[PDB]
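Structure file target.tsv; described as TSV, C-alpha atoms and all ligand atoms.
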```tsv
chain	number	residue	atom	x	y	z
A	3	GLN	CA	-40.33	19.07	7.10
A	4	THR	CA	-36.65	18.55	8.06
A	5	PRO	CA	-35.08	19.27	11.57
A	6	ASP	CA	-38.01	18.37	13.88
A	7	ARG	CA	-37.39	14.87	12.52
A	8	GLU	CA	-33.93	14.82	14.02
A	9	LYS	CA	-35.49	15.92	17.30
A	10	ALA	CA	-38.23	13.29	17.12
A	11	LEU	CA	-35.52	10.74	16.37
A	12	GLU	CA	-33.36	11.89	19.34
A	13	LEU	CA	-36.36	11.12	21.55
A	14	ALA	CA	-36.89	7.81	19.73
A	15	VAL	CA	-33.38	6.66	20.65
A	16	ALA	CA	-33.78	7.96	24.21
A	17	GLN	CA	-36.99	5.96	24.52
A	18	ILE	CA	-35.34	2.74	23.30
A	19	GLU	CA	-32.01	3.05	25.11
A	20	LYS	CA	-34.21	3.46	28.18
A	21	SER	CA	-35.95	0.09	27.83
A	22	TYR	CA	-33.38	-2.02	26.02
A	23	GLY	CA	-30.10	-0.63	27.33
A	24	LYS	CA	-27.32	1.86	26.52
A	25	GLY	CA	-26.29	0.07	23.35
A	26	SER	CA	-29.67	-0.69	21.89
A	27	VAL	CA	-29.22	1.80	19.03
A	28	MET	CA	-26.08	3.32	17.73
A	29	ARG	CA	-24.58	5.25	14.87
A	30	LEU	CA	-21.40	3.68	13.52
A	31	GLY	CA	-19.82	7.11	13.95
A	32	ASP	CA	-20.63	7.70	17.64
A	33	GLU	CA	-17.51	8.25	19.74
A	34	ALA	CA	-19.85	7.64	22.68
A	35	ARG	CA	-19.18	6.22	26.20
A	36	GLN	CA	-15.97	5.36	28.14
A	37	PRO	CA	-15.93	3.76	31.64
A	38	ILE	CA	-13.30	3.34	34.37
A	39	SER	CA	-13.69	-0.40	34.17
A	40	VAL	CA	-11.72	-1.92	31.26
A	41	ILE	CA	-9.32	-4.82	30.97
A	42	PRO	CA	-6.72	-4.00	28.37
A	43	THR	CA	-6.28	-6.72	25.73
A	44	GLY	CA	-2.56	-6.43	25.27
A	45	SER	CA	-2.76	-4.63	21.94
A	46	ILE	CA	-3.63	-0.98	21.74
A	47	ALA	CA	-5.20	-1.72	18.35
A	48	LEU	CA	-7.78	-4.22	19.62
A	49	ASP	CA	-8.14	-1.94	22.60
A	50	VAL	CA	-9.35	0.96	20.50
A	51	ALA	CA	-11.04	-1.42	18.04
A	52	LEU	CA	-13.21	-2.17	21.02
A	53	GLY	CA	-13.79	1.59	21.26
A	54	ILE	CA	-14.01	1.28	25.02
A	55	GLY	CA	-10.21	0.75	25.17
A	56	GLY	CA	-10.28	-2.77	26.57
A	57	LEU	CA	-12.86	-5.42	27.38
A	58	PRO	CA	-16.08	-4.39	29.11
A	59	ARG	CA	-16.52	-5.55	32.70
A	60	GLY	CA	-19.61	-7.28	34.07
A	61	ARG	CA	-20.22	-8.72	30.62
A	62	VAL	CA	-19.71	-11.94	28.69
A	63	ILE	CA	-17.42	-11.92	25.69
A	64	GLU	CA	-17.13	-14.56	23.02
A	65	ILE	CA	-14.01	-14.81	20.92
A	66	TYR	CA	-14.50	-17.23	18.02
A	67	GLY	CA	-12.27	-18.43	15.21
A	68	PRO	CA	-10.34	-21.24	13.45
A	69	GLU	CA	-7.98	-23.56	15.27
A	70	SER	CA	-4.56	-21.85	15.60
A	71	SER	CA	-5.38	-18.16	15.14
A	72	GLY	CA	-5.15	-15.95	18.29
A	73	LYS	CA	-8.11	-16.51	20.61
A	74	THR	CA	-6.79	-18.19	23.80
A	75	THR	CA	-3.77	-15.95	23.43
A	76	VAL	CA	-6.04	-12.95	23.45
A	77	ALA	CA	-7.82	-14.62	26.35
A	78	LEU	CA	-4.78	-15.39	28.38
A	79	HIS	CA	-3.78	-11.87	27.66
A	80	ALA	CA	-7.06	-10.65	29.06
A	81	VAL	CA	-6.27	-13.00	31.94
A	82	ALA	CA	-2.80	-11.55	32.47
A	83	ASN	CA	-4.09	-7.95	32.66
A	84	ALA	CA	-7.10	-8.57	34.90
A	85	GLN	CA	-4.37	-10.12	37.01
A	86	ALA	CA	-1.72	-7.35	36.97
A	87	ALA	CA	-4.22	-5.17	38.81
A	88	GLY	CA	-4.60	-7.55	41.73
A	89	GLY	CA	-7.78	-9.16	40.46
A	90	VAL	CA	-8.16	-12.95	40.41
A	91	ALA	CA	-9.03	-15.36	37.53
A	92	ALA	CA	-10.45	-18.82	36.89
A	93	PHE	CA	-9.90	-20.96	33.81
A	94	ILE	CA	-12.62	-23.51	33.18
A	95	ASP	CA	-10.78	-26.08	31.12
A	96	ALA	CA	-12.62	-28.48	28.79
A	97	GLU	CA	-10.02	-29.43	26.17
A	98	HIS	CA	-7.15	-30.08	28.50
A	99	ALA	CA	-4.58	-28.07	26.51
A	100	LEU	CA	-3.35	-24.96	28.29
A	101	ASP	CA	0.45	-24.51	28.31
A	102	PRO	CA	1.49	-22.73	31.54
A	103	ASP	CA	4.92	-21.85	30.21
A	104	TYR	CA	3.35	-19.76	27.47
A	105	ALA	CA	0.82	-18.30	29.85
A	106	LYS	CA	3.61	-17.35	32.28
A	107	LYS	CA	5.47	-15.78	29.38
A	108	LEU	CA	2.42	-13.72	28.53
A	109	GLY	CA	2.22	-12.76	32.18
A	110	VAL	CA	-0.36	-15.02	33.85
A	111	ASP	CA	0.60	-15.57	37.44
A	112	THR	CA	-0.19	-19.21	36.62
A	113	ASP	CA	0.25	-20.04	40.32
A	114	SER	CA	-2.80	-18.03	41.41
A	115	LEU	CA	-4.82	-19.18	38.37
A	116	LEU	CA	-7.98	-20.92	39.47
A	117	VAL	CA	-8.16	-23.78	37.02
A	118	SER	CA	-10.88	-26.38	36.90
A	119	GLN	CA	-11.58	-29.31	34.57
A	120	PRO	CA	-15.26	-30.48	34.74
A	121	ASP	CA	-16.43	-33.84	33.54
A	122	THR	CA	-19.78	-32.78	32.05
A	123	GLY	CA	-20.64	-29.58	30.28
A	124	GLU	CA	-23.38	-28.70	32.73
A	125	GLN	CA	-21.14	-29.03	35.75
A	126	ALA	CA	-18.73	-26.83	33.84
A	127	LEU	CA	-21.02	-23.81	33.62
A	128	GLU	CA	-22.17	-24.15	37.21
A	129	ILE	CA	-18.67	-24.08	38.67
A	130	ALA	CA	-18.41	-20.90	36.66
A	131	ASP	CA	-21.67	-19.60	38.12
A	132	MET	CA	-20.93	-19.99	41.81
A	133	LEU	CA	-17.32	-19.05	41.28
A	134	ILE	CA	-18.70	-15.94	39.67
A	135	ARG	CA	-21.43	-15.26	42.19
A	136	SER	CA	-18.80	-14.87	44.96
A	137	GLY	CA	-17.72	-11.52	43.56
A	138	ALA	CA	-14.12	-12.53	44.14
A	139	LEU	CA	-13.10	-13.17	40.50
A	140	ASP	CA	-12.52	-10.34	38.02
A	141	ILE	CA	-12.19	-12.43	34.91
A	142	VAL	CA	-13.35	-15.94	34.28
A	143	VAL	CA	-12.76	-17.86	31.06
A	144	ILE	CA	-14.44	-21.00	29.81
A	145	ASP	CA	-12.17	-22.72	27.30
A	146	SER	CA	-14.30	-23.86	24.36
A	147	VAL	CA	-18.05	-23.86	23.95
A	148	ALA	CA	-17.91	-26.98	21.74
A	149	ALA	CA	-16.30	-29.22	24.38
A	150	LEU	CA	-19.03	-28.68	26.93
A	151	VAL	CA	-20.83	-31.95	26.13
A	152	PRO	CA	-23.98	-32.61	28.25
A	153	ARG	CA	-24.20	-35.22	31.08
A	154	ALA	CA	-26.77	-37.02	28.98
A	155	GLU	CA	-24.70	-37.29	25.81
A	156	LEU	CA	-21.99	-38.20	28.27
A	157	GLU	CA	-23.90	-40.93	30.09
A	158	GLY	CA	-24.75	-42.42	26.72
A	159	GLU	CA	-28.46	-41.66	26.39
A	160	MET	CA	-28.49	-40.08	22.96
A	164	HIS	CA	-32.25	-36.72	20.48
A	165	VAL	CA	-29.65	-33.92	20.68
A	166	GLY	CA	-29.85	-30.12	20.85
A	167	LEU	CA	-28.60	-30.82	24.34
A	168	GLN	CA	-25.94	-28.14	24.09
A	169	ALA	CA	-28.29	-25.40	22.92
A	170	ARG	CA	-30.51	-25.67	25.98
A	171	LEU	CA	-27.93	-26.20	28.67
A	172	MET	CA	-26.11	-23.11	27.37
A	173	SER	CA	-29.16	-20.85	27.08
A	174	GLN	CA	-30.28	-21.98	30.49
A	175	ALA	CA	-26.91	-21.29	32.06
A	176	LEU	CA	-26.46	-18.11	30.07
A	177	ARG	CA	-29.84	-16.72	31.21
A	178	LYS	CA	-29.09	-17.39	34.81
A	179	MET	CA	-25.34	-16.74	34.38
A	180	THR	CA	-25.87	-13.47	32.53
A	181	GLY	CA	-27.47	-12.01	35.64
A	182	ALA	CA	-24.76	-12.59	38.27
A	183	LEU	CA	-22.09	-11.18	36.00
A	184	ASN	CA	-23.64	-7.73	35.53
A	185	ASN	CA	-24.25	-7.82	39.26
A	186	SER	CA	-20.67	-8.61	40.29
A	187	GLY	CA	-18.34	-7.04	37.77
A	188	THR	CA	-16.72	-10.18	36.40
A	189	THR	CA	-16.36	-10.55	32.69
A	190	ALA	CA	-16.75	-14.05	31.33
A	191	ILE	CA	-14.85	-14.99	28.27
A	192	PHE	CA	-16.00	-17.87	26.12
A	193	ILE	CA	-13.81	-19.46	23.51
A	194	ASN	CA	-16.10	-20.51	20.68
A	195	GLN	CA	-14.92	-22.75	17.98
A	196	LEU	CA	-14.82	-21.75	14.44
A	211	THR	CA	-21.76	-24.77	18.15
A	212	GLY	CA	-23.56	-23.20	21.14
A	213	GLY	CA	-24.24	-20.60	18.50
A	214	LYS	CA	-27.52	-18.77	18.95
A	215	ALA	CA	-27.50	-18.60	22.75
A	216	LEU	CA	-24.02	-17.19	23.25
A	217	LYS	CA	-24.45	-15.12	20.13
A	218	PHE	CA	-27.19	-13.13	21.78
A	219	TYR	CA	-26.36	-12.94	25.49
A	220	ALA	CA	-22.81	-12.11	24.61
A	221	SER	CA	-22.22	-8.39	24.68
A	222	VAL	CA	-19.06	-8.52	22.60
A	223	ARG	CA	-18.32	-11.02	19.94
A	224	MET	CA	-14.81	-11.26	18.51
A	225	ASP	CA	-13.85	-12.80	15.16
A	226	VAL	CA	-10.19	-13.80	15.28
A	227	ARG	CA	-8.40	-15.34	12.32
A	228	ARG	CA	-4.74	-15.55	11.41
A	229	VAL	CA	-3.96	-13.44	8.35
A	230	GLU	CA	-0.34	-14.06	7.33
A	231	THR	CA	2.48	-16.29	8.70
A	232	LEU	CA	4.89	-13.58	10.02
A	233	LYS	CA	8.05	-13.82	7.96
A	234	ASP	CA	11.28	-12.88	9.75
A	235	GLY	CA	14.50	-13.77	7.94
A	236	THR	CA	14.64	-17.34	9.41
A	237	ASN	CA	11.39	-19.33	9.52
A	238	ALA	CA	8.49	-17.80	11.54
A	239	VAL	CA	8.36	-15.54	14.60
A	240	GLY	CA	4.59	-15.14	14.82
A	241	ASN	CA	1.23	-14.57	13.10
A	242	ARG	CA	-0.44	-11.30	12.04
A	243	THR	CA	-3.89	-11.75	13.49
A	244	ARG	CA	-6.98	-9.73	12.55
A	245	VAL	CA	-9.78	-9.55	15.11
A	246	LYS	CA	-13.17	-8.31	13.92
A	247	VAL	CA	-15.45	-7.27	16.77
A	248	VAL	CA	-18.73	-8.32	15.16
A	249	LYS	CA	-20.92	-7.24	18.09
A	250	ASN	CA	-20.51	-4.41	20.55
A	251	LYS	CA	-23.31	-3.36	22.88
A	252	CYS	CA	-20.72	-1.03	24.40
A	253	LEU	CA	-19.37	0.80	21.38
A	254	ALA	CA	-20.01	1.22	17.66
A	255	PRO	CA	-19.47	-2.33	16.31
A	256	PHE	CA	-17.93	-3.49	13.02
A	257	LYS	CA	-14.51	-1.94	13.90
A	258	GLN	CA	-11.41	-4.08	13.67
A	259	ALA	CA	-7.77	-4.65	14.42
A	260	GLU	CA	-4.69	-6.50	13.24
A	261	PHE	CA	-1.54	-7.26	15.24
A	262	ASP	CA	1.37	-9.65	15.39
A	263	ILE	CA	1.47	-12.65	17.75
A	264	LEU	CA	5.02	-13.93	18.25
A	265	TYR	CA	5.57	-17.64	18.70
A	266	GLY	CA	6.05	-18.08	22.41
A	267	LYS	CA	6.01	-14.41	23.21
A	268	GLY	CA	2.40	-13.62	22.38
A	269	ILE	CA	1.01	-10.27	21.25
A	270	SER	CA	3.83	-7.75	20.71
A	271	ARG	CA	2.51	-4.77	22.63
A	272	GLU	CA	5.54	-3.15	21.04
A	273	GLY	CA	4.54	-4.10	17.50
A	274	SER	CA	1.13	-2.64	18.13
A	275	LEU	CA	2.56	0.67	19.33
A	276	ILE	CA	4.51	1.55	16.14
A	277	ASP	CA	1.69	0.57	13.79
A	278	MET	CA	-0.71	2.76	15.72
A	279	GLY	CA	2.11	5.26	16.11
A	280	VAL	CA	2.30	5.68	12.33
A	281	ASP	CA	-1.42	5.46	11.68
A	282	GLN	CA	-1.80	8.41	14.05
A	283	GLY	CA	1.06	10.77	13.11
A	284	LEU	CA	3.10	10.29	16.30
A	285	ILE	CA	5.66	8.13	14.50
A	286	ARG	CA	7.05	8.99	11.07
A	287	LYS	CA	8.40	6.44	8.61
A	288	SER	CA	10.93	8.22	6.42
A	289	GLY	CA	11.19	5.15	4.18
A	290	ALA	CA	12.75	2.23	6.12
A	291	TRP	CA	13.49	4.40	9.16
A	292	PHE	CA	10.93	4.90	11.86
A	293	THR	CA	10.98	8.25	13.58
A	294	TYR	CA	9.41	9.54	16.76
A	295	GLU	CA	9.60	13.15	17.94
A	296	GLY	CA	12.93	13.64	16.14
A	297	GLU	CA	14.71	10.69	17.78
A	298	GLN	CA	15.31	7.82	15.29
A	299	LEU	CA	13.76	4.56	16.53
A	300	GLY	CA	15.16	2.01	14.15
A	301	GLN	CA	15.28	0.57	10.65
A	302	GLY	CA	12.65	-2.09	10.07
A	303	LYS	CA	9.45	-2.60	12.07
A	304	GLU	CA	11.08	-5.40	14.01
A	305	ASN	CA	14.19	-3.38	14.76
A	306	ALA	CA	11.96	-0.66	16.10
A	307	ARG	CA	9.84	-3.18	17.99
A	308	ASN	CA	13.10	-4.33	19.48
A	309	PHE	CA	14.10	-0.75	20.24
A	310	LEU	CA	10.84	0.00	22.01
A	311	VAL	CA	10.71	-3.09	24.18
A	312	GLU	CA	14.21	-2.47	25.52
A	313	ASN	CA	13.28	1.21	26.00
A	314	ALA	CA	10.02	0.87	27.89
A	315	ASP	CA	10.30	4.41	29.35
A	316	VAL	CA	9.70	5.82	25.89
A	317	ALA	CA	7.47	2.88	24.95
A	318	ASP	CA	4.49	3.79	27.11
A	319	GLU	CA	5.18	7.38	26.06
A	320	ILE	CA	3.79	6.56	22.64
A	321	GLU	CA	1.13	4.37	24.20
A	322	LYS	CA	0.38	7.40	26.42
A	323	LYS	CA	0.16	10.01	23.63
A	324	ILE	CA	-2.24	7.92	21.51
A	325	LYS	CA	-4.49	7.37	24.51
A	326	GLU	CA	-4.73	11.15	25.03
A	327	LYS	CA	-5.71	11.49	21.33
A	328	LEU	CA	-8.57	8.95	21.61
A	329	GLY	CA	-9.74	7.22	24.83
B	1	LIG	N1	3.57	-22.56	23.59
B	1	LIG	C1	3.55	-21.75	22.49
B	1	LIG	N2	4.70	-21.43	21.88
B	1	LIG	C2	4.68	-20.66	20.82
B	1	LIG	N3	3.62	-20.11	20.24
B	1	LIG	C3	2.47	-20.43	20.85
B	1	LIG	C4	2.34	-21.21	21.93
B	1	LIG	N4	0.99	-21.30	22.27
B	1	LIG	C5	0.38	-20.59	21.39
B	1	LIG	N5	1.22	-20.04	20.52
B	1	LIG	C6	0.85	-19.16	19.34
B	1	LIG	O1	-0.54	-18.96	19.38
B	1	LIG	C7	-1.18	-19.50	18.14
B	1	LIG	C8	-2.47	-20.06	18.62
B	1	LIG	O2	-2.90	-19.31	19.77
B	1	LIG	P1	-3.41	-20.03	21.06
B	1	LIG	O3	-3.72	-19.10	22.20
B	1	LIG	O4	-2.87	-21.38	21.34
B	1	LIG	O5	-4.87	-20.32	20.51
B	1	LIG	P2	-5.98	-19.43	19.96
B	1	LIG	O6	-5.30	-18.23	19.27
B	1	LIG	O7	-6.55	-20.32	18.90
B	1	LIG	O8	-6.98	-19.14	21.01
B	1	LIG	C9	-0.16	-20.49	17.62
B	1	LIG	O9	-0.25	-20.58	16.18
B	1	LIG	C10	1.21	-19.80	17.98
B	1	LIG	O10	1.49	-18.70	17.07
B	2	LIG	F1	-4.78	-22.13	18.46
B	2	LIG	AL1	-6.48	-22.20	19.03
B	2	LIG	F2	-8.17	-22.20	19.53
B	2	LIG	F3	-5.91	-22.17	20.70
B	2	LIG	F4	-7.13	-22.37	17.41
```

Output the file's structure as structure tokens, nothing else.
Ligand SMILES: Nc1ncnc2c1ncn2[C@@H]1O[C@H](COP(=O)(O)OP(=O)(O)O)[C@@H](O)[C@H]1O
Ligand code: ALF
Amino acid sequence: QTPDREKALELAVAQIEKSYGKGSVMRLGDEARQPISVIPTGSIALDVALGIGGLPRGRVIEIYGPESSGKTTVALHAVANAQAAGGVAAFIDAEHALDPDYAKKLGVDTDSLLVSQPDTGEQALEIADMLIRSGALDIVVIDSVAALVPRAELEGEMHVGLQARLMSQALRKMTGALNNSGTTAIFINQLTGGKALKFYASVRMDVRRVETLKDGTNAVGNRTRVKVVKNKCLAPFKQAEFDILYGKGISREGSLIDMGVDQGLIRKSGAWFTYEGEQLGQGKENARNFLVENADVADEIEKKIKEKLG
């Protein structure tokens, strides 16, 4: 007995998907799904590494990694895009360390940015809940899961396992509104909420800095590598690398060439980087430079790789 198995299995998956959701069972090869709702990340690589071409709306994402790696950047980038399309964002601050200049440089209309700075972890998630429940916000981001210390541990009365309780609680309740409003919550994790977020979260991102981007002088950026460890929206375990310039953020340009060569649209005749005959430049950075100053052609590449995938 051979094929009827594949038909019994097709039903199996249908059965499951029915009671546990679209992404309850997947094949790592499935090119499946693709909505109209997606916040680009800033890098075409991470975009397609998400499969869905951006972040998924009405869902909670968790981006975790080591101090100084990419996260917040990625986040603020997700903030800057969910902004460029007239949506509005809130930044629930718990570390007190956002640098507006850098945000502005990435593109956050810092002025419209709903920022808040709670004095207890609990209060922190709630502000996020009602802010969410209004259906006004498109993207909301809670900076750091680890800094959300409980009122109790804050009042002095220290048991423990306060965090994992408060989180789960909030997450359970908070997971509902989200899918019912279309706001995507982004949680910066560090490295403790663990379990809770781990499961409610529909997309988990592992960000870590790979190499300290050498550029003649000292250092222009970092070549980050995000590893989407969980993806209830598209075949997980996919990943992406990209440069993050010091002060400039993710080089959408730098992403374009790399993808451009890994997809045949850009040819690298040894040192030179070609595109549809026209010579781009000599040296990834010289081409990055060329693209940024030549946006018209820049989104041309970005356009032609989209057609060939998402
Ligand atoms: N104001 C800034 N000027 C230059 N580079 C910055 C600045 N803020 C962040 N970065 C870059 O981002 C890296 C850390 O990213 P950031 O968003 O602060 O945090 P994370 O990536 O950990 O979420 C730094 O190593 C640096 O490359
Ligand atoms: F540089 Al970070 F979390 F902002 F490690």

(message) Show me, as number ranges by chain, the residues that have an atom within 10 Å of residue A:136 when counting only C-alpha atoms, minus same-chain residues fewer than 3 positions from it.
(response) A: 131-133, 139, 182, 186, 188

Restricted to C-alpha atoms, what would the selected residues look like written as a CSV table (one decimal), in the frame of the given file?
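The resulting out-v3.csv:
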```
chain,number,residue,atom,x,y,z
A,131,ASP,CA,-21.7,-19.6,38.1
A,132,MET,CA,-20.9,-20.0,41.8
A,133,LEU,CA,-17.3,-19.0,41.3
A,139,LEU,CA,-13.1,-13.2,40.5
A,182,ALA,CA,-24.8,-12.6,38.3
A,186,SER,CA,-20.7,-8.6,40.3
A,188,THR,CA,-16.7,-10.2,36.4
```

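Residue nearest residue A:63, chosen from A:306, A:269, A:143, A:11 and counting all atoms listed in the file: A:143.
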
(request) To one decimal in Å, tell me the separation between atom CA of residue A:41 and atom CA of residue A:171. (result)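 Between these atoms lies a distance of 28.4 Å.
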
(request) Go through the chains and note each residue within 7 Å of ligand LIG 1 (chain B), using all atoms listed in the file, then give the set as a list in words. (result) residues 68, 69, 70, 71, 72, 73, 74, 75, 76, 101, 103, 104, 240, 241, 263, 264, 265, 266, 267 and 268 of chain A

(request) Compare A:190, A:177, A:307, A:65 by their minimum atom-to-atom distance to residue A:91, counting only C-alpha atoms, and give me the closest one. (result) A:190

(message) As an exercise, work out the distance from atom CA of residue A:146 to atom CA of residue A:124 in Å and give it to one decimal place.
(response)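 Separating atom CA of residue A:146 from atom CA of residue A:124 is a distance of 13.3 Å.
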
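Atom CA of residue A:258 is found 23.5 Å from atom CA of residue A:215.
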
(message) Here is a test: counting only C-alpha atoms, which residue of A:176, A:108, A:115, A:317 is nearest to residue A:61?
(response)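 For residue A:61, the nearest of the given residues is A:176.
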
(message) Taking all atoms listed in the file into account, name the residue in A:225, A:111, A:128, A:326 that is nearest to ligand LIG 2 (chain B).
(response)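 Going through A:225, A:111, A:128, A:326 one by one, the smallest distance to ligand LIG 2 (chain B) is for A:225.
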
(request) Determine the nearest neighbour of residue A:212 from the options A:86, A:172, A:179, A:129, counting only C-alpha atoms. (result)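 Of A:86, A:172, A:179, A:129, the one nearest residue A:212, counting only C-alpha atoms, is A:172.
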
(message) When you count all atoms listed in the file, which of these residues is closest to residue A:59: A:195, A:239, A:252, A:151?
(response) A:252

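Near residue A:54, within 8 Å and counting all atoms listed in the file, sit residues 35, 36, 37, 40, 49, 50, 52, 56, 57, 58, 252, 253 and 329 of chain A, not including residues fewer than 2 positions from it in the same chain.
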
(request) Starting from the point (5.9, 4.4, 23.9), work out which residues of protein, DNA or RNA have an atom no more than 12 Å away when counting only C-alpha atoms; state them as a ChimeraX atom specification. (result) /A:46,271-279,284-285,294-295,299,306-307,309-325
